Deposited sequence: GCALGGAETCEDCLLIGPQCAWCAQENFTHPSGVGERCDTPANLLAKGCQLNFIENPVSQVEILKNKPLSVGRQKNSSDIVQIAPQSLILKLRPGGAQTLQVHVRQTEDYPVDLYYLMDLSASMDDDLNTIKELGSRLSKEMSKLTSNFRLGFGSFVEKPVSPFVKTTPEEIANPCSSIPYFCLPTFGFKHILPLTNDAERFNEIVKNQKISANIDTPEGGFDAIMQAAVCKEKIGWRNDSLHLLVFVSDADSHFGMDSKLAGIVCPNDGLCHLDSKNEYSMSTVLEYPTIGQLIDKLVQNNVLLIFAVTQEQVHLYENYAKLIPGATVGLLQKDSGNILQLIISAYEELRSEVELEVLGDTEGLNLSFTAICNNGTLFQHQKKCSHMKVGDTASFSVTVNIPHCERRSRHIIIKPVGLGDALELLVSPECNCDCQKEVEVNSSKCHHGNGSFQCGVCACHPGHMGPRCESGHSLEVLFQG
C-alpha cells in the first residue's frame, strides 16, 4: 500500500501518504500502513506517526438576540483555530454563522451623472429621507453617502474644444458641468436631510461615448476607507446606479493612458479622483480583489438594456447583485430594500488569505440539521437562523512556512482566523544521537531506528568506506 520506492526516512515516509507509519529498532521497508506494521511486529510505541489536529483558540458562542453593545455581537463561531495538517491528508472544520438582529449598515450611493441621468436626479430629491426611514425599521445604525461619476475627461471620450470642455452640453443647448471622472461628495452620515440637500444641488455632465467610467469610481469607493467613511463591523453596500455599460482595463489606451490601475486611493483636495487621466480603468480581477479585501457588497442598479451584462459581471464578483432600474430611478428605493433583505436572508462563506496551493471543499448545513448541500451558501433563512459549514482543508505537499487564512461570511466583519502549519517531521527526528555507537563506531547518526551515514561511509550501518 503506502510502501513504495524510496521512503527510506521517516520524513520521506510521511510525504508519500497521510495514512502511513514508521518503525524503529526491532525491524528496508519500515514505512507502511500501521496495520501492516502491527502485522509484521512493529511495537506500538515505535510508530508515533503524526496525525492532523485542530487547536481551538477562540470559540465564543454565537450571540443571540439584539445586542445593545456592539462588542457582544458574535456572528461567526469559532473565531480562531490552529490547524496542524499532515500532507496528503485533510481535516474538516465546522464553521457556524448567525446574523445578529441589529447589524449596522453603510450605504454609498454611486450614481452615473451623464446627460441621460438628469431625470433620475429629479425623482430622488427625497431618496435620502425615504431610504433612511425604511432602513430604520431594519437597523438602528444606517448611514448613507453620495458619490458621482461620468468618464475620464480626456480625448477621445470627451470633446476637446474650448466650448465643449467648459460645457459639454452647450450644443443642445443645456447646462452641464465639465466632464469628470469620480466626485466623492458626501462621506457616510446619519443625516439623511444632508444627503437630500446635496442631491438637489447636483448638476449633470456629459461625454461622447456610451460606456462610462464607473469602474474607476467603484474602485475608489471600495478602497478609500477613511474618506468614504466605511466603519468596521457593518455592512458596506455600494449602490452603482447607471443606464450604461462600463469601460474596463485597457480601454483607456485609446486616450494614451497605458499605466495599470494600482488599486490605491487617489482622492485629491477637492475629493475628486486625481488619477482619472493617468491610470487605466480597473479590470474585473482588480475590482474583485479590492471589493473582497474591503468587504464591500456591490449592487448594480442598472436599466433593462444593461441588466444582462451586469448580471454576468456579478457572477464573478463575490456578494454582487443586480437590480433592474427604471429609466428615471423611480424604483431605486425598492431595489435597495430588496437587495438588503436578500442579503439578510443569506449566509455565504469566504476563504481569504494565504490559500494558493490548498485544496478546499465546502459543504453547507442549512436548517440546522435537515439540509446538506455541497456549496458554501445557505439561503432563505430568517435573521437569527444559524448556517453551518464543513470546510475541508488539504495541503498536497510539505511546506516550511505556515499560512494565515481568514474564513468569514461575505459582507460581515466577524472573521475566523485560521493558521495552517503543516507537519512533516517525526518526533524521533529531533533525537539524532550523532556519532552513535550503533552505526559502526560513529560512522553515522542513529535517528529513528535507522542509520544516517557520515560522508564517506555507505551501508545500512555505514560499514563500508568510500
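Gaps in the model relative to the deposited sequence occur at 28-34, 474-481, listed in sequence order.
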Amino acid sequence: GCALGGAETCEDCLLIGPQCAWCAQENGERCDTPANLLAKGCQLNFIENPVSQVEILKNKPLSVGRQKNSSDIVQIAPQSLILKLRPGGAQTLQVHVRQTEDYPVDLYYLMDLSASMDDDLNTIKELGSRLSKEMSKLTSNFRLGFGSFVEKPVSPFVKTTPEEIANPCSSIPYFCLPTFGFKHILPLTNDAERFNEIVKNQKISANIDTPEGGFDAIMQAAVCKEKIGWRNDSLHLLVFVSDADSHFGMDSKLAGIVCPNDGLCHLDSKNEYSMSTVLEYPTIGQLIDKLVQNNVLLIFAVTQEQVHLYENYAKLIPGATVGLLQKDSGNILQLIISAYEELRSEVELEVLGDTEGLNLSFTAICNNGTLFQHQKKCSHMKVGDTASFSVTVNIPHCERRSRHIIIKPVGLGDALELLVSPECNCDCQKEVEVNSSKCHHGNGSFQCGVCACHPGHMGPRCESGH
From here on, numbers count along this sequence of modelled residues.
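The deposited model assigns a higher average Cα B-factor to 423-431 than to the other stretch when 423-431 and 406-414 are compared.
When 392-400 is weighed against 236-244, 392-400 comes out higher, by mean CA B-factor as recorded in the entry. Residue 354: CA B factor lies in the middle third for its chain, per the PDB record. Sorting the modelled residues of the chain by their CA temperature factor places residue 366 in the highest third. Residue 290: CA B factor in the lowest third of modelled residues in this chain (values from the PDB entry). Among all modelled residues in this chain, the alpha-carbon of residue 103 has a temperature factor (C-alpha) in the middle third. Ranked within its chain, residue 207 lands in the lowest third, by CA B factor from the PDB record.
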